[PDB]
């Protein structure tokens, strides 16, 4: 049983003032569309997902904060319900089929397929609201990000089926998408009523800082969710387990290695973000601000949600974040998939 120390975060807390209302409405949405089994849904509605969304978009439009909250709950419906606690999570092929069908539902809610499925019904509601607050381009990017996430959990499912653990490079590539962090990004834009244009959005350096945010968010989750994940009865995967296997480390040593990794990415993220903001559009400056909100929102939620603190078997969690890193170096991570990020330092 590991003790997680306070993690470094240079980002101040913030939350949308209607967080309480949003959390209630998300629970009601889950019931209306019957998302997940009765057992899963009963857990999900207590995990403060609305509160989490409120921290991601603290000054966002209330309707989009609610959309994002509903979407996060829906994603847990897929990720818990099928991938990690369902039969399809051991069957990559069958999972691939379900997920292709769901993509089609997102693209065309009017198509007469999966008319019986609660997840499909919820997805249709989400798509119709994306249509309200998003452009055609943002809607297509949302679908593409859903496909990214889906493809990556099919890859994760192959490891669960085989009972194997990927090496660090493969895990990093998989984890950059299997946390669904990329699907949230279009809603960051919609939350503030703007569109980040392709010439900025798809610029390598801008993709890079988005990937860094994804890395920090998923590593922070790997750290804070290690307790609930390891104590489960089934297969689990996270950075600590990968580091244990690859480097022959104890869980405690793996924790320290993972903290060092996310500390260095946090430092790089702030530096490269600052560079980009100096001569970026006003829209890019807002997008970069929202990436900070997403990173910090996930941090505050990660140490407080009953999803991670698990009251029936209390996790040893920090109560605060620190303003100084443990690893301050500019040495790149020994991970080929992301070590190029450090080339962006001007």
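Numbering follows the first chain given and starts at 1.
The question of which stretch, 105-113 or 209-217, has the higher mean Cα B factor is settled in favour of 105-113. Per-stretch averaging of Cα B factors for 334-342 and 21-29 places 21-29 on top. Out of 126, 183, 265, 252, the entry records its largest CA B-factor for 252.
Residue set 290, 283, 53, 319: peak C-alpha B-factor at 319 (per PDB entry).
In this PDB entry, residue 118 carries a Cα temperature factor that places it within the highest third of its chain's modelled residues. Residue 277: CA B factor in the middle third of modelled residues in this chain (values from the PDB entry). Residue 67 sits in the lowest third of its chain by CA B factor, as recorded in the PDB entry.
When all modelled residues of the chain are sorted by CA temperature factor, residue 298 is found within the lowest third. Among the modelled residues of its chain, residue 229 has a C-alpha B-factor that falls in the middle third according to the deposited record.
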